[PDB]
Structures are given as C-alpha cells and as structure tokens.
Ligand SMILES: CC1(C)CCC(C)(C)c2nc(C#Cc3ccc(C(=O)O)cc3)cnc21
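Below sits a lone chain in structure tokens, taken as the form deposited without this ligand.
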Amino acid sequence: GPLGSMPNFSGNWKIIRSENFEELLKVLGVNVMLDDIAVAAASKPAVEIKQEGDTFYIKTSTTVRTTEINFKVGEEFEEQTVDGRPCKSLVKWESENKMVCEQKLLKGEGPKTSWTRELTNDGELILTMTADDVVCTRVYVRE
C-alpha cells in the first residue's frame, strides 16, 4: 500500500475512456518505448498494479502475452525506444495523488515525452502520456 494519507494505487484497473492514443503513437513513431505501452496499449486486460510505498509493479496478462514492468518512485531507470535508443527516466510524486515520469534520451534529439498516473478523489486512475504538444488520456476504474 501507500504512505500515510496518499491513495493506494494497488488494484486491478479497467479502461473506460481513451483519447489521443493513436495520435500520440503517430507523433512518437519509433520514439515510442515499450516499457510504457506494453502495459497500456491493450484495452482488454486488467492493468494489475501492486504498490509498496514507492515501489510499483504493473502487469497485464492475456492468453498470448504477459508483461510486467517495475520501478521505484525516486530511482532513475533506463528504458529503450522501439528502435533501441536508451532513455533515462525518473518518476516523482507531483502531488499527494499523482506521479510524473520525466524521460530524456541519453544522446541525440527527440520529442519531449512524459507520463503521469493520478488516483483522483472520485476513485478513477488517470494515465496521461505526452509527446511535445500531444496529450493522451486513459481513464481507468477498479475491476
């Protein structure tokens, strides 16, 4: 679970709205990173989150594919674009309810990318994914 009064992200989460996902994918092209979309693109599976303070595991499972990512809020980690360019990523708490991941390619030029996850007071989980001026929002509720 979470620290103190901060909300508990642990759960099984069902998507009930999306906007601008295909648009984001087109702007990103080969700059998209699987360590983001491999637990977000597919709408059918539950997104299974396990939170232990700052430590997160995020898992999806279909009969074809199981994927799990992990990170710790506050600890830098590396992810890859689909064409193999490394990115340094860091998640921080932006607010009581919201984490923000900043991302930077290790070398060369690309779009400014980020994502956020927010557990709003109505009980929804909001994922936003950004590439320069394009913002994708996906809204989840508990299964």
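A residue's number is simply how far along the shown sequence it sits, counting from 1.
Heads up, the form deposited with this ligand bound isn't pictured, but that's what we're talking about next.
Placing this ligand onto this chain by superimposing the site C-alphas, using its pose in the deposited complex, gives at least 3 ligand atoms within 2.4 angstroms of backbone or C-beta atoms, which makes the site blocked. The listed set 105, 42, 27, 90 contains one residue whose heavy atoms approach this ligand in the deposited complex to within 4.5 Å, identified as 42. Under a 4.5 angstroms non-hydrogen atom cutoff, this ligand in the deposited complex lacks residue 51 among its neighbouring residues.
This ligand is not drawn, but in the deposited complex it has no heavy atom within 4.5 Å of residue 131. Proximity of residue 112 to this ligand in the deposited complex falls outside the 4.5 Å heavy atom cutoff. Under a 4.5 angstroms non-hydrogen atom cutoff, this ligand in the deposited complex has residue 83 among its neighbouring residues. If you check this ligand in the deposited complex, you find a heavy atom from every one of 34, 38 and 62 within 4.5 Å.
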